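[1] Sequence first, structure after; it's an experimental one.
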Amino acid sequence: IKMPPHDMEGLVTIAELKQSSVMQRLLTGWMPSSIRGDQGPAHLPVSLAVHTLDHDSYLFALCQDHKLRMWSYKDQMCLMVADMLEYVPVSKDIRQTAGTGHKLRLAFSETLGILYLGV
Amino acid sequence: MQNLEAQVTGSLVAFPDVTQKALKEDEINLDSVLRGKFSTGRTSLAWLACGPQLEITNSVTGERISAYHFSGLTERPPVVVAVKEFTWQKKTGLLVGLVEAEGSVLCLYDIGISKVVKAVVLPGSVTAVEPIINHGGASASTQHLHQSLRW
């Protein structure tokens, strides 16, 4: 949800960031939604954080499927997907259980120009 | 003098369920022998190893301090054969000898970050590892070594 500047008259704008494959974009006209794999409840963000750089806003989403996703707000695209179970000593049982207790924090160093992510 | 008997002073201090599961996952490979030893250093550590799995516990509390699963160059996982405590530059870690199907690797494992920091390919299957010295240079502390090893 985007509100206008406080000193300017403007309308609230709404954008929905979705992971659309280029194949899902090119095939958008030829196949019904039941084959398309709707993003299941497993894609749901459990923790959200944001970082603003120049003239763009980067959104970070830690999801119930144990994946971290990065989005450009300006370009409306998923720029990165990382699997957090690549970093856990996996029991076969965890891949089947939704990750409901997960948390995400961001910190930025101006001096280094470096962004850190705590998961 | 005829029967000195040990007296148990506490209950069994069980390892965390995660450490017990990690050590059992590789019993499915019929050739994986579970090993464990206390560390001889001042850091009160115990280690357990089963196939590629290494578990590091507190020698008093049984709490999991650190753990690692070693990856091999081949489709067969490496086997942890030799483990020794090694302290360097105010860090605490382990020297780990891995046996693979085509050779062996000596790893330096840093406990503080739970990662391998150095690895070296060995000519043949490693059976034991032993640290001689934890620093280099022309110090008074290295004077007992051969002039070659001081470099």
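    Yes, it's here. Numbers count the residues shown, from 1 in each chain, chains lettered A, B, ... in the order given.
[2] Tell me which residues touch residue A:15, please.
    A:2, A:73, A:76 (CB atoms under 8 Å, 6 or more residues apart in numbering or on different chains). C-beta coordinates here come from the backbone N, C-alpha and C atoms, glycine included.
[3] so which of those is the most crowded?
    residue A:73 (15 neighbours; other CB atoms under 10 Å in any protein chain shown).
[4] Same list (the contacts of residue A:15) but as a markdown table, adding distance to residue B:149 and secondary structure.
    A markdown table is the format used below for these (distance: CB to CB, whole Å; DSSP: H, G, I helix; E, B strand; the rest coil):
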| residue | distance to residue B:149 | secondary structure |
| --- | --- | --- |
| A:2 | 67 | strand |
| A:73 | 59 | coil |
| A:76 | 61 | coil |
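[5] Between those, which sits nearest residue A:33?
    Nearest to residue A:33 among the contacts of residue A:15 is residue A:76, at 20.4 Å by CB to CB.
[6] Can you name the residues that contact that closest one?
    A:15, A:17.
[7] picking that back up, now, which of the contacts of residue A:15 sits nearest residue B:69?
    residue A:73 (37.9 Å).
[8] pretty sure that closest one contacts residue A:60?
    No - using CB atoms under 8 Å, residue A:73 is not in contact with residue A:60; the gap is 11.6 Å.
[9] Break down chain A into its helices, ranges please.
    Listed in chain order, the helices found in chain A under DSSP state H are A:22-26.
[10] these two touch, right, residue B:121 and residue B:102?
    No - if you go by CB under 8 Å, residue B:121 and residue B:102 don't touch, sitting 9.9 Å apart.
[11] Now render the contacts of residue A:15 as CSV, adding distance to residue B:29.
    Shown next, in CSV, are the contacts of residue A:15 (distance: CB to CB, whole Å):
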residue, distance to residue B:29
A:2, 56
A:73, 48
A:76, 48
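[12] which one of these is nearest residue B:94?
    residue A:73 (45.6 Å).
[13] Can you tell me how far the closest one is from residue A:1?
    If you measure residue A:73 against residue A:1 using CB to CB, to the nearest Å, the figure is 12 Å.
[14] before we move on, what about residue B:70?
    Taken as CB to CB, the span from residue B:70 to residue A:1 is 48 Å.
[15] between these two, who's got more neighbours?
    residue B:70 (21 against 6).
[16] From what I see, that one and residue B:76 are in contact.
    No - Residue B:70 sits out of contact with residue B:76 when judged by CB under 8 Å, with a separation of 11.7 Å.
[17] for chain B, what spans make up the strands?
    B:35-38, B:45-50, B:53-58, B:64-69, B:79-88, B:91-100, B:103-110, B:115-122 (DSSP state E).
[18] Reformat the ones you listed as a markdown table; add distance to residue A:22.
    Formatted as a markdown table, these follow (distance: least, CB to CB, whole Å):
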| stretch | distance to residue A:22 |
| --- | --- |
| strand B:35-38 | 51 |
| strand B:45-50 | 45 |
| strand B:53-58 | 41 |
| strand B:64-69 | 36 |
| strand B:79-88 | 44 |
| strand B:91-100 | 41 |
| strand B:103-110 | 41 |
| strand B:115-122 | 36 |
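[19] quick one, which of those strands is nearest to residue A:106?
    Comparing the strands of chain B by CB to CB, strand B:115-122 comes nearest, at 23.5 Å.
[20] Residues in contact with that closest one: which ones?
    B:68, B:70, B:93, B:96-97, B:103-110.
[21] What is the burial count for residue 34?
    No chain in the question, so chain A it is. So residue A:34, with other CB under 10 Å, has 7 neighbours.
[22] hmm, I had chain B in mind actually
    Residues near residue B:34, counting by other CB under 10 Å: 14.
[23] ditto for residue A:62
    Residue A:62 has 22 nearby residues by other CB under 10 Å.
[24] beta partners for it?
    Beta-bridge pairing of residue A:62, defined through DSSP bridges, involves residue A:47, residue A:68.
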